[PDB]
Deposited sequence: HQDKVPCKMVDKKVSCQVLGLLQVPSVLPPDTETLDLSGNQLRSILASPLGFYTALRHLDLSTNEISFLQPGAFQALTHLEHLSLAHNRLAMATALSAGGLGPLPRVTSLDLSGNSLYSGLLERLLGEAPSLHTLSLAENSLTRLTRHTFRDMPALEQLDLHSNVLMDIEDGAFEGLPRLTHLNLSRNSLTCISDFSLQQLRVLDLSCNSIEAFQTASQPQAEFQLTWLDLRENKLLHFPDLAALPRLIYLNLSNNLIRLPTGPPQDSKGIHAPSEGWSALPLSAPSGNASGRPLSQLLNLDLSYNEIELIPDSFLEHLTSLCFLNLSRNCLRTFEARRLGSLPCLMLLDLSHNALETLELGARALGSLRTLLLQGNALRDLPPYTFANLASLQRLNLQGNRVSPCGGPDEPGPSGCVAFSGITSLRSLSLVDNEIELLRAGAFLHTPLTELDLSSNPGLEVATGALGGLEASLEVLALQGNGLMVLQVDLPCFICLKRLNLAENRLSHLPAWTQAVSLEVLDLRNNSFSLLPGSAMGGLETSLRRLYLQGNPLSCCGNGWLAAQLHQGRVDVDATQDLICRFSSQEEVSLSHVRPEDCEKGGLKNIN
């Protein structure tokens, strides 16, 4: 075995029993991955100085009683993925100084766990995941008061008798993910701070009512369950995180301190007005992939602290969000909905909006003071705080002259809007602010914008368009990458794009009908600072 000062690290394979040739002064011993089929006390007892002992992933089945009692200084024992459940009553004797014990993967079952272990006064962490535990009887976690973290995921836990966690006053972390629980009738773990009940079959979740003591839960994960309702979390004031995603939660303060609510994939069709009041101080609200039809946050002071609002892939038809209501909203996701007509100043009233995704909708912009548009248009012309906008697949046929004249955004995407007739100077206000622009799949015949005039532009995309010539560059370009795939481009002379090479480092021309003879300087551009 490899040797280090006061530490022995036996390799993955090669040993059948615990070696007897190691120094008695060994303080750390690693034997994981080996064919050790048992732990007899005689060879192991020589190393009383052991503090860590990794027997993980061995074939151990029989532990001789008193084997781990002799190592008074042992602090961490790892028996993960062994064959303990095929056994040694009291196989693990008393463990006065063991701070961590890993038993996951052994396929321990209810009843054998209660006799396999012994007194462990100083146990801080216990891992029982990937076992065959089915029931948490009254007598499961006795004789370990100092436990602070308990791991029980990937088990088959269906039942939990009242008071199974009564012997764990200091527990702070309980992980019951990927278990078989089906209905939770109570919650009285005042000490607990993290609870993971995700990936279970829970149809209902309930807690204590009008308790005489406070609760310390801060992180509840109740997702991918069968929950049919939003749980009554009035007794959990300190909850900070809540992820009810992938449930069946139809909707018909308790959550004043919740900061991150994930309520997506929950068959929700309506958000009652009283609901959003309880979510004061919320900072993230994910309502994606619901059957929601309209968002009605018209009340002043609704969701004051919300920084993100995700409503993607709903059936949303209109937004009733009020002026100065979503004050702190930085990001608003709305892709995949059915927005057609809105009040012109819907998104302009969002005081601190920074990113707006409208892909897959069918909204139509308008230019405000320059070239006013029809009724029902949405006024992007004056969203001062906006910095990134997406209008992909909005079926916009005509873009107005003053579409973004007073919105200094940094990135704009208009891709896959077939037949987009860009009015001359439509993007005029973005010359000194925009850094990335995309117009892929528009099919437009000519660029109706002074593209070199965009001093701040860094990247551009014009792929899958009928374009034939580019506006004439005449100075050192701030552009860095330019994408021109599948277009009708025939020539790229220096008079048309010279000056790009000062900052350009990547180019795409494949699929275009370049003149085999007249391309000229294109071959030299391909030498350095170009590709394909």
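A.B. asks: Which bits of the deposited sequence have no atoms placed for their C-alpha?
C.D. replies: Missing from the model are residues 1-6, 94-96, 262-292, 573-608.
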